[PDB]
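Chain lettering (A, B and C) follows the sequence in which the chains are written, and residue indices restart at 1 in each chain.
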Amino acid sequence: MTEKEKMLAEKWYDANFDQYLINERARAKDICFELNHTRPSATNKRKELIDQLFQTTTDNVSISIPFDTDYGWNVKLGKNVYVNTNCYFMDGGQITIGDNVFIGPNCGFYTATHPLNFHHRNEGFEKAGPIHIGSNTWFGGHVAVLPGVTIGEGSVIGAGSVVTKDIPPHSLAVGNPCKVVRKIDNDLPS
Amino acid sequence: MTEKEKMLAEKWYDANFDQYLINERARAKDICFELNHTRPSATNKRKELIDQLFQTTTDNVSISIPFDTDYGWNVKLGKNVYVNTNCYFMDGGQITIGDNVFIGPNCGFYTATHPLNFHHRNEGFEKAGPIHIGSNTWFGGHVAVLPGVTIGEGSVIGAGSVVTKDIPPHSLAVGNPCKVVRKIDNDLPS
Amino acid sequence: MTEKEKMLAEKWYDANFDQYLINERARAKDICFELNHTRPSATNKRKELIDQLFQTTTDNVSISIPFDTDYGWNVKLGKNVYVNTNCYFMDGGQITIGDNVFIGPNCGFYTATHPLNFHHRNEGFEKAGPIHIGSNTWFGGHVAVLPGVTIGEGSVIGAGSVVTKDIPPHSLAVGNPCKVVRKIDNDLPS
């Protein structure tokens, strides 16, 4: 297996010294740099850069600068995804985002782990844990979502949360560590 | 009522599709972009841009880039307000800041709420809860202040706090959620 | 004593009105601005700016933009230090970082304190508490390290942590406030 293949298979992989992955990260970082220095009202150019970054034709994906990602192509996006300022989709592990998702400012979606043992860590190895963000979700500002976490459809994550564990659907969850506080009634309003 | 008027009255309003509000946000975002790409030692130009953004003649309001706000004109500022890097004054609900206020880096003042029910949320409706920041206050870095919160004059908010509830005056408060730990003696020193 | 000397001696000092310190901060802010607007693939120029900022010849110190520091020369760096996006080394108090250190995105290392009493605070006085970051450490994203804190060699700090107290070596620690959860076995792997 190549190191990319290991990364995508939840295996330890050489994130720091694999040339292919280094080059892919460089591609993404240079696009993010361009995007981050493009006037917010230059709508067409921003759309072009977003679509180049994610290697997809986005449908109402609104990205407020600055933005960061590692690969770009490993973020799978639905439609109507609103990302406020200073977010980071750290996507060595796939980040899948549904439709109608509101992401507050200063949110970090982190799929990367390093070994706890410093000898193995210092060698550059990482293991990526995919993040799944359900459709119909809302994240307050200052949230961190950790590797391997799934947030269920219809759920709301309070500002400042550190999401260490999966959040069931149709739930309001807050805190460090983030815990369900109540269910959300999402039935069709009258 | 116009949607602006609803916003300013603590009513649900169409944040996402109201043209007037969309244009006002665009005004602010373009000024912030200019400010964020102005050399920190270009003192005059930075002052001009700050005053244009907040639609006021500021008196020793120090803004370290980058900075973000939604409207700008809905942040009411006293004198001697020091704002370190990467703050966001999300001001659909008025943010009132007193005199002699020290705001640490990476602080978010969030007045926006969305409906919990995804059907209403997906429609773009928001409700804004004003934030009041007393004079003579200090915020550590990495603080999030939530909608409708008042921090009393003379109070100190520890780094990393998530301020979910009002903080009384002359109090030290820390944590997620942020809780008063002790009173502060602010009497005139000898 | 000059105000710089007071700062470096853990004494109250006039951070806001001392011309020497004001000018030193301006030097650093202008370099950070240049660095933050330099293409990530302009390797040589970025290295030059980093080395100018820290007033040292760095050895594999990787700084992802944007970055911020107050003085630059008061950050003492080992080799193989990886700093992801949006970090701030607030270094009025010396920040000493060992070798083989992985620092996640949106981390703040804060050495500055202000007086709690607003009368003394409003005068501009600060007191700096040095931060020591051991070799062979890993910080998740969204961590804040507070004044005077030491993180021991071989330790790992979980994402979102607010590190209020010293962390012993060879420990995993998480939370707000950050607390040791277990020891880390760092013995030489087979």
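The definition used in the following text is that a residue touches a chain if its C-beta (ideal position, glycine included) is under 8 Å from a C-beta of that chain, and two chains touch if they have at least 3 such contacts.
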item: Contact graph of the chains (line, ring, star, complete, other); value: complete
item: When subunit A is superposed on subunit C by its C-alpha atoms, the rotation angle in degrees, nearest 5; value: 120
item: Centre-of-Cα separation between subunit C and subunit B, whole angstrom; value: 26
item: Of all residues in subunit B, the ones touching two or more other chains; value: 37, 66, 86, 106, 142, 176
item: Footprint of subunit A on subunit B - complex, ascending; value: 26, 29-30, 33, 37, 66, 68, 86, 88, 90, 106, 108, 110, 114, 116-122, 142, 144, 146, 162, 176-177
item: Sites on subunit C touched by subunit A in the complex; value: 37, 39-41, 64-66, 80, 85-86, 100, 102, 104-106, 136-138, 140-142, 154, 156, 158-160, 172, 175-176, 184-189
